[PDB]
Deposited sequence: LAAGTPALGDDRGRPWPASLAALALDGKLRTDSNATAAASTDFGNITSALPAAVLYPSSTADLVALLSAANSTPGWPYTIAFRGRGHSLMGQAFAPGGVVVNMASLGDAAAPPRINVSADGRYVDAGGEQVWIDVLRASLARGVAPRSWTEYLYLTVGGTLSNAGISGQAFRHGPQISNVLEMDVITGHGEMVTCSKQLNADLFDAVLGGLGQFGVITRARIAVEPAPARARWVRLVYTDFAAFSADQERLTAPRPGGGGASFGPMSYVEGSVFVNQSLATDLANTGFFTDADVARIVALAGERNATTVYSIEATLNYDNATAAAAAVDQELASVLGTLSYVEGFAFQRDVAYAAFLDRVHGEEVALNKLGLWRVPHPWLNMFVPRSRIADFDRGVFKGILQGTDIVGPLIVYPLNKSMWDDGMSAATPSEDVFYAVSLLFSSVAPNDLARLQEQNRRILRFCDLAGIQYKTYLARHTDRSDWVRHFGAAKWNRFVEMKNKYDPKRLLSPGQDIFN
């Protein structure tokens, strides 16, 4: 027996069971796992979301799990609702009116629908001379999707993750109740939802902090053959000054294994063939099995004196560093071209047929005290003698910029590294080898007693999720699940309560 508001969605053709609808909502970016839903909802408004979730809340014995598909960038089925209902979030942004992205009158924040993609949040913000302060490396992800994880990039050391740059949200709980939440209003829901893995409700609107939009980014790469010098410099560039930070707007880093060195440097799209020859000769001279590169930017505007001020500011910061003499490499681009840089890698890989392939990505947070051990056992150990396809990203984060009361789990140390090994299974049937190598890396960290946290991964065992949050923080997560999704129907693909 269906409620009238739920039956109206099927009448209006918003609730589909056809093979085309279910097939599209059954695969994700990871391209490793698949799960067909029973139905797909294409909501035209937030009232359609209220109708589905209230039906779920009031119907006794309701058997359908519900997932909120952003862009399906999930790696291991986190956006699937096996034999359930997948919400096609993008349908909320179909009409020309009402607008889904509103920059505030005062220009201090930006209101964006949960379904909206960060690239559109950027374009709408830039039209009003503003931009969010904390980003992901890839802009074709949804506001609600990244906020359900953390949302990290080279800006998070100073501005914190995307979850630390949200003023307020509109959420529809598992009870079908539309609640506006912040630190001052319904704080418990606001904190549970940020990094909440879609467990407590759907974010329909997020109010994102903005800053005056820079016009350009001075973009640098610094080369090292010594991991200790590389990691020490990343920490210097990202350390809090004796609340204040250094001038860098973005700090990331990358690891290049010797075996494929020339090809990998040439594939960054940053280095010229002359730059490549020099770094390859440097590696041979130092007899390095690994090469490290700091990637950093300095944001600046259209002011007449800006270019010279940046040259001086950059010359000053570089003098404090310990990269191999003469191995500083500069580029200067428009701010939006820098932010949207990964979209170019997508275009080039898609035409080669190397984008829509399995992505057995390994993403983790490694405490600073164990990063050199990780480098020895992984970059200089396990990954040696292998053909790597995908970037190996390493960069420090400041725990002070993360709110531990939110759902997102991080290591206890003040400084911890985001470690992103973006393996693409390009070779014929290389998937099984990559999945085993990820199990080996994790086993190496477990045996060495490294207290890491995974990021973007879903655990399949209860004991793993309990260790992921930590026992006390886990009990708190359960408290919020009981309050907001007692029926355990939301985002079943996380495998926390399903």
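Numbered from the first deposited residue, the unresolved ranges run 1-14, 257-260.
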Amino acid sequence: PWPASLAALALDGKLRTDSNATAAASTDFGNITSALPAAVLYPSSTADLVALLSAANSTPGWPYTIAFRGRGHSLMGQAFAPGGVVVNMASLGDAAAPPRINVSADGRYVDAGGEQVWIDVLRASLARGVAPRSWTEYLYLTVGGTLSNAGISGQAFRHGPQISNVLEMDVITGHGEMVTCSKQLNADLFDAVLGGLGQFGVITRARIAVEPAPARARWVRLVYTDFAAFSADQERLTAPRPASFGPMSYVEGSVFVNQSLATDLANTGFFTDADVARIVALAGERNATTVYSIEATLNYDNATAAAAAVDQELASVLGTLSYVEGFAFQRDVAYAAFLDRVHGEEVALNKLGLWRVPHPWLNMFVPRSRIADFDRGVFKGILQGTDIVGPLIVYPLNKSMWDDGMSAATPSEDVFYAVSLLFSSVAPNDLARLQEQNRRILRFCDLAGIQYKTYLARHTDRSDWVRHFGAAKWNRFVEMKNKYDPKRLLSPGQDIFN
From here on, numbers count along this sequence of modelled residues.
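The deposited model assigns a higher average Cα B-factor to 190-198 than to the other stretch when 190-198 and 363-371 are compared. In this crystal structure, the stretch out of 63-71 and 436-444 whose C-alpha atoms carry the higher mean B factor is 63-71. Of all the options 315, 401, 143, 406, the entry's greatest CA B-factor is assigned to 315. You'll see in the entry that, of 295, 325, 106, 115, the Cα B factor peaks at 106.
Among the modelled residues of its chain, residue 491 has a C-alpha B-factor that falls in the middle third, as given in the PDB entry.
In the PDB entry, a CA B factor belonging to the middle third of its chain's modelled residues is recorded for residue 205. Ranked within its chain, residue 390 lands in the middle third, by CA B factor from the PDB record.
Annotation for residue 417: CA B-factor lies in the lowest third of the chain's modelled residues.
Residue 35: CA B factor lies in the highest third for its chain, per the PDB record.
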